[PDB]
Amino acid sequence: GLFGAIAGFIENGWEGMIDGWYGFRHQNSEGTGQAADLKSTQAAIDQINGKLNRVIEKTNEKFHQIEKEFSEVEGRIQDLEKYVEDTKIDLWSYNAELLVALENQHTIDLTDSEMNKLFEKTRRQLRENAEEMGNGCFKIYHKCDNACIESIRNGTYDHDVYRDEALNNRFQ
Amino acid sequence: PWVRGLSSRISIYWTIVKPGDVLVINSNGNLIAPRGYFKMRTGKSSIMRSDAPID
Ligand SMILES: *[C@@H]1O[C@H](CO)[C@@H](O[C@@H]2O[C@H](CO)[C@@H](O[C@@H]3O[C@H](CO)[C@@H](O)[C@H](O)[C@@H]3O)[C@H](O)[C@H]2NC(C)=O)[C@H](O)[C@H]1NC(C)=O
Ligand SMILES: *[C@@H]1O[C@H](CO)[C@@H](O[C@@H]2O[C@H](CO)[C@@H](O)[C@H](O)[C@H]2NC(C)=O)[C@H](O)[C@H]1NC(C)=O
């Protein structure tokens, strides 16, 4: 979309992430695993919720509606009755087809933002100890265990502890 | 044209009487008198032309 993470710099999507909408996949000294990031999978679902809910309540309740089908030819009063309704109809149909088209474009772009948002949340945590490869993947520049991967994902990473370890791997 | 034996017709009219107004019927032939009045509520009631069974 606009932000160009999804269907963009992130090649494609994980058909085998089944506990969330956004997340991480590691390869470290201890092996290979994956986790959903919840906070973001919530805020993306929480707007769509509101949005849907907003689109819905709304139901035309009035008032002794005029006759709409006709069993004679009557010329003018009828000719108007039909054209009043015929016209109304075309309006709502447009009114509708715009809404869905609008909403979606946005639903699509907000879900895109949420990804790029989670990309930049990570980047800032790993202050100096990694570098963006551009396929939505970092290359951390130190040794990091399952306990350190899971420490990144739950907000509690400590750039300074693996700082010195990080810079030697990058530059020398 | 012939319909149920007859080729005569009746033509049906209405008249609303407001509260405080007065009806006065006057004729010298061919009247189909009313017998009284229907009450006139007014609210969300209406009619539809269906053929689907009520359930
Ligand atoms: C003026 O002419 C009209 C016809 O153009 C006459 O109306 C016709 O009246 C005759 C005589 O009663 C009707 O015959 C009937 O036929 C039905 C058929 O189903 C039958 O049930 C009866 O046994 C009866 O014989 C006929 O229906 C009717 N024609 C039309 C087209 O409505 C009328 O009588 C004439 N009036 C005068 C004052 O001359
Ligand atoms: C978030 O998850 C981390 C990563 O596993 C948790 O790490 C524990 O943290 C304490 C010190 O804060 C240590 O005793 C252990 O290294 C970890 N324990 C276990 C069982 O893994 C931690 O619970 C969470 N972070 C914070 C700051 O509470």
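Caption draft 1: The arrangement of the environment of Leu-38 of chain A in detail. All names here are of chain A. For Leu-38, the location among the structural elements is in helix α1 (residues 38–56). The exposure class assigned to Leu-38 is exposed, which follows from its relative accessible area of 59%. Separated by 115 residues in the primary sequence, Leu-38 and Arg-153 place their C-alpha atoms 9.8 Å from one another.

Caption draft 2: Focus on α1 of chain A. When the terminal C-alpha atoms of α1 of chain A are compared, their 27 Å separation across 19 residues agrees well with the 27 Å that a helix rising 1.5 Å per residue should span. Positive phi shows up at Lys-58 of chain A, right after α1 of chain A, with a value of about 155°.

Caption draft 3: Spotlight on the pairing of strand β2 (residues 31–36) of chain A. Residues and elements named next belong to chain A. Examined bridge by bridge, strand β1 (residues 23–28) and β2 share six bridges and lie antiparallel to one another. Among the inter-strand pairings, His-26 is bridged to a residue of β2, identified as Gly-33. Between β1 and β2, which pair antiparallel in sequence order, lie two residues.

Caption draft 4: The state of the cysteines, seen in detail. Residues and elements named next belong to chain A. Within this structure, the stated rule accounts for one disulfide over all chains. Covalently, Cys-144 is tied to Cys-148 through a disulfide, its sulfur atoms 2.1 Å apart. Across the disulfide from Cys-144 to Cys-148, rotation about the S-S bond amounts to roughly -105°, and the bridge is consequently left-handed. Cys-144 provides the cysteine sulfur closest to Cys-137, a residue in no disulfide bond, and the two sulfurs are 14 Å apart.

How each quantity is defined
Residues numbered from 1 in each chain as written, not as in the entry; some residues may be left out. Chains lettered and ligands numbered in written order. Part of a larger assembly, values for the part shown. Heavy atoms only, no water. Residues with missing side-chain atoms left out of burial classes, pairs and counts. Helix = DSSP H or I, 4+ residues; strand = E, 2+ residues; numbered from the N terminus. Buried < 20%, exposed > 50% of the residue type's maximum accessible area, 1.4 Å probe, protein only. Expected span 1.5 Å × (residues − 1). Pairing = 2+ DSSP bridges. Disulfide = S-S within 2.5 Å.

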